[PDB]
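The structure file target-v7.txt is reproduced below (compact mmCIF, N, CA and C atoms).
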```txt
# COMPACT_ATOMS: atom_id res chain seq x y z
N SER A 22 52.34 47.40 24.27
CA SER A 22 52.32 48.84 23.92
C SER A 22 51.02 49.29 23.28
N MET A 23 50.86 50.60 23.27
CA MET A 23 49.73 51.19 22.60
C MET A 23 49.91 51.02 21.08
N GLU A 24 51.15 51.10 20.56
CA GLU A 24 51.36 50.91 19.10
C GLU A 24 50.94 49.46 18.67
N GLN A 25 51.35 48.46 19.45
CA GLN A 25 51.06 47.06 19.10
C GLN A 25 49.57 46.87 19.01
N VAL A 26 48.83 47.48 19.93
CA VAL A 26 47.34 47.44 19.91
C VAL A 26 46.71 48.09 18.67
N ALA A 27 47.20 49.30 18.33
CA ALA A 27 46.81 50.06 17.10
C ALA A 27 47.00 49.17 15.87
N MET A 28 48.17 48.52 15.83
CA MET A 28 48.58 47.62 14.74
C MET A 28 47.59 46.44 14.67
N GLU A 29 47.33 45.84 15.83
CA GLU A 29 46.35 44.79 15.94
C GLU A 29 44.92 45.18 15.56
N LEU A 30 44.49 46.42 15.84
CA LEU A 30 43.19 46.90 15.39
C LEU A 30 43.15 47.02 13.84
N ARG A 31 44.24 47.51 13.24
CA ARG A 31 44.41 47.57 11.75
C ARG A 31 44.25 46.17 11.13
N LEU A 32 44.99 45.20 11.66
CA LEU A 32 44.90 43.80 11.18
C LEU A 32 43.49 43.23 11.34
N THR A 33 42.82 43.54 12.45
CA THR A 33 41.49 43.10 12.67
C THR A 33 40.57 43.70 11.67
N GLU A 34 40.80 44.97 11.33
CA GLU A 34 39.92 45.60 10.38
C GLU A 34 40.21 45.07 8.95
N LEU A 35 41.47 44.79 8.68
CA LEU A 35 41.83 44.18 7.35
C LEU A 35 41.15 42.82 7.25
N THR A 36 41.20 42.06 8.35
CA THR A 36 40.56 40.75 8.41
C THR A 36 39.10 40.88 8.17
N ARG A 37 38.47 41.93 8.75
CA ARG A 37 37.07 42.22 8.51
C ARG A 37 36.78 42.45 7.02
N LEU A 38 37.60 43.28 6.39
CA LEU A 38 37.40 43.58 4.96
C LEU A 38 37.66 42.33 4.08
N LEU A 39 38.73 41.61 4.37
CA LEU A 39 39.04 40.35 3.62
C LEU A 39 37.97 39.29 3.82
N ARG A 40 37.32 39.25 4.98
CA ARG A 40 36.20 38.34 5.16
C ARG A 40 35.05 38.66 4.21
N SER A 41 34.69 39.93 4.04
CA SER A 41 33.67 40.36 3.14
C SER A 41 34.11 40.07 1.65
N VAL A 42 35.38 40.35 1.34
CA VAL A 42 35.96 40.01 -0.01
C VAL A 42 35.83 38.49 -0.24
N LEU A 43 36.21 37.69 0.74
CA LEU A 43 36.14 36.23 0.54
C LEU A 43 34.71 35.78 0.27
N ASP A 44 33.74 36.40 0.96
CA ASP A 44 32.36 36.03 0.78
C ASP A 44 31.87 36.39 -0.57
N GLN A 45 32.28 37.54 -1.08
CA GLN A 45 31.88 37.97 -2.39
C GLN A 45 32.53 37.06 -3.46
N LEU A 46 33.79 36.68 -3.27
CA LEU A 46 34.43 35.78 -4.26
C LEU A 46 33.80 34.40 -4.25
N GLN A 47 33.55 33.86 -3.07
CA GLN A 47 32.95 32.55 -2.98
C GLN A 47 31.51 32.50 -3.54
N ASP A 48 30.78 33.61 -3.52
CA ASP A 48 29.49 33.66 -4.22
C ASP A 48 29.58 33.47 -5.72
N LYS A 49 30.72 33.80 -6.31
CA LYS A 49 30.97 33.59 -7.71
C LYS A 49 31.31 32.16 -8.05
N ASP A 50 31.18 31.26 -7.07
CA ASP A 50 31.42 29.82 -7.25
C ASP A 50 30.19 29.10 -6.76
N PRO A 51 29.06 29.27 -7.49
CA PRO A 51 27.86 28.68 -6.87
C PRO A 51 27.82 27.16 -6.92
N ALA A 52 28.58 26.55 -7.83
CA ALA A 52 28.66 25.09 -7.87
C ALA A 52 29.52 24.48 -6.73
N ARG A 53 30.22 25.33 -5.98
CA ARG A 53 31.08 24.91 -4.88
C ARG A 53 32.26 24.04 -5.29
N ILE A 54 32.74 24.29 -6.51
CA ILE A 54 33.85 23.54 -7.08
C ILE A 54 35.12 23.81 -6.27
N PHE A 55 35.18 25.02 -5.71
CA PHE A 55 36.44 25.48 -5.05
C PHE A 55 36.29 25.59 -3.55
N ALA A 56 35.20 25.07 -3.01
CA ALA A 56 34.94 25.18 -1.60
C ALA A 56 35.85 24.45 -0.65
N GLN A 57 36.33 23.28 -1.06
CA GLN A 57 37.11 22.42 -0.18
C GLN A 57 38.39 21.94 -0.91
N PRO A 58 39.41 21.49 -0.17
CA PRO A 58 40.57 20.88 -0.79
C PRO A 58 40.27 19.76 -1.71
N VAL A 59 40.96 19.68 -2.84
CA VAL A 59 40.89 18.48 -3.67
C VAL A 59 41.24 17.28 -2.78
N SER A 60 40.34 16.28 -2.78
CA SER A 60 40.50 15.07 -1.97
C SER A 60 41.68 14.15 -2.47
N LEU A 61 42.66 13.86 -1.62
CA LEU A 61 43.77 13.02 -2.01
C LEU A 61 43.32 11.59 -1.97
N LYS A 62 42.21 11.30 -1.26
CA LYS A 62 41.62 9.94 -1.41
C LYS A 62 41.11 9.72 -2.81
N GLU A 63 40.37 10.68 -3.36
CA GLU A 63 39.77 10.63 -4.72
C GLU A 63 40.67 11.02 -5.95
N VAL A 64 41.70 11.83 -5.67
CA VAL A 64 42.71 12.19 -6.67
C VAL A 64 44.10 11.92 -6.06
N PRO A 65 44.48 10.63 -6.00
CA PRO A 65 45.68 10.30 -5.23
C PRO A 65 47.00 10.86 -5.77
N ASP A 66 47.07 11.11 -7.07
CA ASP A 66 48.27 11.68 -7.72
C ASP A 66 48.29 13.23 -7.63
N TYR A 67 47.33 13.88 -6.92
CA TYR A 67 47.18 15.34 -7.10
C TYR A 67 48.48 16.10 -6.80
N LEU A 68 49.17 15.74 -5.75
CA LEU A 68 50.35 16.52 -5.35
C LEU A 68 51.55 16.25 -6.27
N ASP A 69 51.50 15.24 -7.16
CA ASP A 69 52.49 15.09 -8.18
C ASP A 69 52.31 16.19 -9.24
N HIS A 70 51.09 16.73 -9.35
CA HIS A 70 50.75 17.77 -10.35
C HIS A 70 50.81 19.17 -9.72
N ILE A 71 50.20 19.36 -8.59
CA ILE A 71 49.97 20.66 -7.97
C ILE A 71 50.75 20.71 -6.65
N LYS A 72 51.74 21.61 -6.64
CA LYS A 72 52.58 21.70 -5.44
C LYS A 72 52.07 22.51 -4.28
N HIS A 73 51.17 23.48 -4.54
CA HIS A 73 50.62 24.28 -3.53
C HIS A 73 49.06 24.31 -3.70
N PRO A 74 48.40 23.26 -3.25
CA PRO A 74 46.93 23.24 -3.32
C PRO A 74 46.31 24.37 -2.53
N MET A 75 45.12 24.82 -2.98
CA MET A 75 44.44 25.86 -2.24
C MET A 75 42.94 25.70 -2.50
N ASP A 76 42.15 26.25 -1.59
CA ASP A 76 40.69 26.20 -1.70
C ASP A 76 40.08 27.22 -0.71
N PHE A 77 38.79 27.49 -0.83
CA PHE A 77 38.22 28.53 -0.05
C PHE A 77 38.17 28.19 1.45
N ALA A 78 37.98 26.92 1.82
CA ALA A 78 37.95 26.59 3.24
C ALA A 78 39.32 26.82 3.91
N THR A 79 40.37 26.49 3.17
CA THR A 79 41.74 26.64 3.67
C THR A 79 42.00 28.14 3.82
N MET A 80 41.52 28.96 2.87
CA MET A 80 41.73 30.43 2.99
C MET A 80 40.99 30.98 4.20
N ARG A 81 39.80 30.45 4.45
CA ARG A 81 39.02 30.92 5.56
C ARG A 81 39.72 30.60 6.89
N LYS A 82 40.38 29.47 6.99
CA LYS A 82 41.09 29.10 8.23
C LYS A 82 42.20 30.11 8.45
N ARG A 83 42.96 30.41 7.40
CA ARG A 83 44.03 31.38 7.52
C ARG A 83 43.48 32.76 7.87
N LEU A 84 42.45 33.18 7.20
CA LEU A 84 41.84 34.46 7.48
C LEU A 84 41.47 34.60 8.97
N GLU A 85 40.84 33.58 9.53
CA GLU A 85 40.30 33.67 10.90
C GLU A 85 41.36 33.59 11.98
N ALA A 86 42.52 33.05 11.65
CA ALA A 86 43.70 33.16 12.45
C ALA A 86 44.39 34.52 12.20
N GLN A 87 43.71 35.49 11.55
CA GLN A 87 44.40 36.70 11.06
C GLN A 87 45.76 36.49 10.39
N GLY A 88 45.85 35.50 9.48
CA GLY A 88 47.04 35.12 8.86
C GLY A 88 47.34 35.80 7.52
N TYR A 89 46.46 36.72 7.08
CA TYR A 89 46.79 37.54 5.91
C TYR A 89 47.28 38.94 6.39
N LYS A 90 48.53 39.22 6.15
CA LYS A 90 49.11 40.55 6.55
C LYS A 90 48.67 41.72 5.68
N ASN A 91 48.41 41.44 4.40
CA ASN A 91 48.04 42.46 3.43
C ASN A 91 47.18 41.78 2.35
N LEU A 92 46.54 42.57 1.50
CA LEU A 92 45.71 42.06 0.40
C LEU A 92 46.51 41.22 -0.59
N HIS A 93 47.76 41.57 -0.85
CA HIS A 93 48.62 40.78 -1.76
C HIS A 93 48.68 39.30 -1.38
N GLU A 94 48.91 39.01 -0.10
CA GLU A 94 48.96 37.61 0.38
C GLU A 94 47.63 36.85 0.11
N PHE A 95 46.51 37.50 0.36
CA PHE A 95 45.17 36.98 0.12
C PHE A 95 44.97 36.72 -1.37
N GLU A 96 45.30 37.70 -2.18
CA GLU A 96 45.24 37.50 -3.63
C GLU A 96 46.09 36.36 -4.14
N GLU A 97 47.27 36.17 -3.55
CA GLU A 97 48.13 35.05 -3.91
C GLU A 97 47.38 33.70 -3.79
N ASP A 98 46.72 33.54 -2.65
CA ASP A 98 45.96 32.31 -2.35
C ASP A 98 44.77 32.21 -3.33
N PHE A 99 44.06 33.31 -3.58
CA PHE A 99 42.94 33.20 -4.55
C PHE A 99 43.43 32.79 -5.97
N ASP A 100 44.54 33.37 -6.39
CA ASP A 100 45.10 33.04 -7.67
C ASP A 100 45.54 31.56 -7.72
N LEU A 101 46.00 30.98 -6.59
CA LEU A 101 46.36 29.57 -6.54
C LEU A 101 45.16 28.69 -6.84
N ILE A 102 44.04 29.07 -6.28
CA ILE A 102 42.81 28.28 -6.54
C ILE A 102 42.57 28.16 -8.05
N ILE A 103 42.59 29.31 -8.73
CA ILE A 103 42.30 29.40 -10.16
C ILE A 103 43.39 28.71 -10.97
N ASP A 104 44.64 29.10 -10.67
CA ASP A 104 45.74 28.62 -11.49
C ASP A 104 45.95 27.12 -11.35
N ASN A 105 45.75 26.54 -10.19
CA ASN A 105 45.93 25.09 -9.96
C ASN A 105 44.90 24.36 -10.83
N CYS A 106 43.66 24.86 -10.77
CA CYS A 106 42.55 24.26 -11.55
C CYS A 106 42.79 24.27 -13.02
N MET A 107 43.26 25.40 -13.56
CA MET A 107 43.48 25.59 -14.96
C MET A 107 44.68 24.74 -15.49
N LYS A 108 45.57 24.33 -14.58
CA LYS A 108 46.64 23.41 -14.97
C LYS A 108 46.16 21.92 -14.91
N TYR A 109 45.56 21.51 -13.82
CA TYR A 109 45.16 20.11 -13.62
C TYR A 109 44.08 19.69 -14.56
N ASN A 110 43.16 20.61 -14.83
CA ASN A 110 42.01 20.25 -15.67
C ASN A 110 42.16 20.80 -17.08
N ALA A 111 41.66 20.10 -18.10
CA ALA A 111 41.72 20.54 -19.45
C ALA A 111 40.71 21.62 -19.73
N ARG A 112 40.98 22.38 -20.76
CA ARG A 112 40.10 23.46 -21.22
C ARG A 112 38.64 23.13 -21.40
N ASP A 113 38.34 21.91 -21.85
CA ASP A 113 36.99 21.49 -22.14
C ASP A 113 36.22 20.88 -20.93
N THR A 114 36.59 21.26 -19.71
CA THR A 114 36.00 20.66 -18.55
C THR A 114 35.22 21.69 -17.77
N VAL A 115 34.21 21.20 -17.05
CA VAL A 115 33.43 22.09 -16.17
C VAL A 115 34.30 22.74 -15.11
N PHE A 116 35.35 22.03 -14.68
CA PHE A 116 36.24 22.60 -13.68
C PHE A 116 37.02 23.77 -14.21
N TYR A 117 37.68 23.60 -15.37
CA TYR A 117 38.43 24.73 -15.97
C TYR A 117 37.54 25.93 -16.19
N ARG A 118 36.37 25.62 -16.75
CA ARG A 118 35.45 26.69 -17.13
C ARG A 118 35.00 27.45 -15.89
N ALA A 119 34.82 26.73 -14.79
CA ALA A 119 34.41 27.35 -13.54
C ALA A 119 35.49 28.30 -13.05
N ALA A 120 36.75 27.87 -13.17
CA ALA A 120 37.86 28.73 -12.78
C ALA A 120 37.95 30.00 -13.59
N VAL A 121 37.72 29.90 -14.91
CA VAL A 121 37.76 31.08 -15.74
C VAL A 121 36.71 32.12 -15.29
N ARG A 122 35.51 31.62 -15.05
CA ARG A 122 34.38 32.47 -14.68
C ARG A 122 34.63 33.09 -13.31
N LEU A 123 35.23 32.33 -12.39
CA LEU A 123 35.62 32.88 -11.06
C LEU A 123 36.68 33.95 -11.15
N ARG A 124 37.69 33.75 -11.99
CA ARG A 124 38.70 34.75 -12.22
C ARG A 124 38.08 36.05 -12.79
N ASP A 125 37.24 35.89 -13.79
CA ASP A 125 36.69 37.05 -14.49
C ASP A 125 35.81 37.85 -13.55
N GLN A 126 34.96 37.14 -12.82
CA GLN A 126 34.03 37.79 -11.88
C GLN A 126 34.71 38.29 -10.64
N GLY A 127 35.76 37.61 -10.20
CA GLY A 127 36.48 38.01 -9.00
C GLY A 127 37.25 39.30 -9.20
N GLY A 128 37.67 39.55 -10.44
CA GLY A 128 38.49 40.72 -10.81
C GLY A 128 37.91 42.02 -10.34
N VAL A 129 36.60 42.15 -10.55
CA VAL A 129 35.79 43.32 -10.21
C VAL A 129 35.83 43.60 -8.70
N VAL A 130 35.68 42.54 -7.92
CA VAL A 130 35.63 42.57 -6.46
C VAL A 130 37.00 42.96 -5.95
N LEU A 131 38.01 42.29 -6.48
CA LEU A 131 39.40 42.57 -6.09
C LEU A 131 39.92 43.97 -6.49
N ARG A 132 39.44 44.48 -7.62
CA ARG A 132 39.74 45.84 -8.01
C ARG A 132 39.29 46.87 -6.96
N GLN A 133 38.07 46.73 -6.43
CA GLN A 133 37.59 47.71 -5.48
C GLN A 133 38.19 47.44 -4.09
N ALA A 134 38.45 46.18 -3.77
CA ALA A 134 39.11 45.88 -2.54
C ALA A 134 40.46 46.57 -2.43
N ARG A 135 41.24 46.59 -3.50
CA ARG A 135 42.54 47.25 -3.49
C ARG A 135 42.39 48.76 -3.23
N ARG A 136 41.45 49.38 -3.91
CA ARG A 136 41.13 50.78 -3.68
C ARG A 136 40.76 51.00 -2.19
N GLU A 137 39.92 50.13 -1.61
CA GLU A 137 39.48 50.23 -0.19
C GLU A 137 40.61 50.06 0.82
N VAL A 138 41.50 49.12 0.54
CA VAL A 138 42.65 48.90 1.39
C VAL A 138 43.63 50.09 1.41
N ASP A 139 43.96 50.62 0.24
CA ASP A 139 44.76 51.87 0.09
C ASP A 139 44.03 53.10 0.70
N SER A 140 42.76 53.27 0.34
CA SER A 140 41.93 54.37 0.86
C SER A 140 41.89 54.39 2.41
N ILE A 141 41.30 53.36 3.03
CA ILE A 141 41.28 53.22 4.50
C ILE A 141 42.67 53.03 5.15
N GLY A 142 43.70 52.70 4.36
CA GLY A 142 45.08 52.56 4.85
C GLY A 142 45.34 51.17 5.41
```
Translate the structure of the given file into structure tokens.
Amino acid sequence: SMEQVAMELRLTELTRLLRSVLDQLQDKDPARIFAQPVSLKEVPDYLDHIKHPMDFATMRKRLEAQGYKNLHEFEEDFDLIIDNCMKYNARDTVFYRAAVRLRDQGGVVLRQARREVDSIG
């Protein structure tokens, strides 16, 4: 149908906007702490601690399959990155600290993204 196509153009454009959002958030991680999945070879107990691992590469795979229906779903995954880190790692670690700084800096980007998603519809 023509409606299904219209719907698909909307999703494509959301994917376009979320791709730009993801790039802006990932720039706030210049150490690349959150770039890839925590290695289960190197942290073998990880899934005993963290039930839903997340990282920027995994988000990008979902994004490119157009697997985010709305900004809320995307935000859920970004929050997992931060929240998983802040639980597994102690306060006095470079990892925790990196997550705090990513959360604080990401807030700004995500604030305007929400406005853009509502604005453009």
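Going from atom CA of residue A:79 to atom CA of residue A:57 covers 7.4 Å.
When only C-alpha atoms are used to compute distances to residue A:105, the closest of the residues A:83, A:118, A:49, A:72 turns out to be A:72.
Between residue A:101 and the residues A:75, A:68, A:59, A:28, the shortest atom-to-atom distance, using only C-alpha atoms, involves A:75.
Between residue A:92 and the residues A:23, A:35, A:30, A:115, the shortest atom-to-atom distance, using only N, CA and C atoms, involves A:35.
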Which distance in Å separates atom CA of residue A:65 and atom CA of residue A:112, to one decimal? 21.4 Å
Between atom CA of residue A:60 and atom CA of residue A:89, what is the distance in Å, rounded to a tenth? 24.6 Å
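The shortest atom-to-atom distance to residue A:31, with only C-alpha atoms taken into account, belongs to A:87 out of A:87, A:76, A:126, A:117.
Using only C-alpha atoms, the shortest contact distance between residue A:127 and any of A:71, A:26, A:102, A:61 is found at A:102.
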Between A:73, A:103, A:122, A:95, smallest distance to residue A:50 by all atoms listed in the file belongs to A:122
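The protein and nucleic acid residues lying at most 8 Å from stretch 38-41 of chain A are residues 32, 47, 81, 84, 85, 92, 95 and 134 of chain A, with only N, CA and C atoms considered and sequence neighbours fewer than 6 positions away removed.
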Give me, as JSON, numbers by chain, the residues of stretch 28-139 of chain A that a backbone DSSP run labels alpha helix (DSSP H). {"A": [28, 29, 30, 31, 32, 33, 34, 35, 36, 37, 38, 39, 40, 41, 42, 43, 44, 45, 46, 47, 48, 67, 68, 69, 70, 77, 78, 79, 80, 81, 82, 83, 84, 85, 92, 93, 94, 95, 96, 97, 98, 99, 100, 101, 102, 103, 104, 105, 106, 107, 108, 109, 115, 116, 117, 118, 119, 120, 121, 122, 123, 124, 125, 126, 127, 128, 129, 130, 131, 132, 133, 134, 135, 136, 137, 138, 139]}
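Neighbouring residues of residue A:77 at 6.5 Å or closer, counting all atoms listed in the file and skipping chain neighbours under 3 positions away, are residues 55, 56, 57, 58, 80, 81 and 82 of chain A.
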